[PDB]
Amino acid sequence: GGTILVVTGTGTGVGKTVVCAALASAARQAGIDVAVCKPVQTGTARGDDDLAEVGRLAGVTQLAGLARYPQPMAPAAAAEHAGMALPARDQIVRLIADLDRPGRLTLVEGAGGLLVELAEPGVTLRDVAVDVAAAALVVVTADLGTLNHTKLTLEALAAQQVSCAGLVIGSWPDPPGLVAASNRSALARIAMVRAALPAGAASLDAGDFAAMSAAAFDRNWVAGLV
C-alpha cells in the first residue's frame, strides 16, 4: 500500500474540503499521486459536492464516493429523512483499501467531526481509520473554543491508537487578531500545525490555489508522507 490519511475536523464548517484540496495540490506538485475519498456527502439538494471542489481546485481525478443525501444534516439524520440506510462499514473500508496503492496519497474526507456516524451501525471515521490503519489530519479553527475542541479530538484519536498526522487551520483570518494569534501559538503546543490556509482560499481558481497550496505546507513534510 501507500499512505492513507483520514482528514477530520474539530467540528462542522472548519473547511475540511479546502484542506484536502490544498494538501492534494501540494502533494501533486511534489510528484505524488493523490486520491480523495468522500464516502458520504449530505446537502446535495443545495448542491454540496466536496469531491467536485477537490477536482476543480487540485486537479485530482481519483475521486470516490458511496452515498449522497439531499438534506443538509448529519449523515444518519439525512439518511433517516430520505428513508434509506447509510452505507455499510465494509463498503467504506474496502473502497478506501482498494483506492490505496504504493506511491499514492489517499485522503479520506469525513463529514463533520471525528465521531459522527458515517456507516451502519454507529461506525465513525475513527473506526474507519482503525480498519485501514490510517493516521488522522485534524482541521481546526483559530477561533475561541478551538483549544478544547482540538484537545477533545486528539484524545479520541489516541484512545483508539490512531496517530495524529498534525493540525491544519482551515481558515486563517485577515488581519488575524489577538485571539487568532494566541490560538495559533497555543495549538502548536498541542500538535504540529502543518498549515494555516488563508481565509477565502476556497474561492480561488486552480492556478492561484496551486500557488497558495505549494507555499502553505512544508515541502519536506509533504514529500515524506509517501
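C-alpha atoms forming the largest set that superposes within 1.5 Å between two forms make up the rigid core. All residue numbers are counted from 1 along the displayed sequence.
Between 174-182 and 160-168, greater CA displacement relative to the shown form is found for 174-182 when the structures in 9 other deposited structures of this protein are fitted on the core.
Mean C-alpha B-factor is higher over 73-81 than over the other stretch, the pair under comparison being 73-81 and 132-140. When the two stretches 173-181 and 37-45 are set side by side, the higher mean Cα temperature factor goes to 173-181. Across 154, 147, 111, 119, the greatest Cα temperature factor reported in the deposited entry is at 119. In this PDB entry, residue 92 carries a Cα temperature factor that places it within the lowest third of its chain's modelled residues. Residue 203 sits in the middle third of its chain by CA B factor, as recorded in the PDB entry. Per the PDB record, residue ranking by Cα B-factor puts residue 125 in the lowest third of the chain. Residue 197: CA B factor lies in the lowest third for its chain, per the PDB record.
Among the modelled residues of the chain, residue 162 sits in the lowest third by CA temperature factor in this PDB entry.
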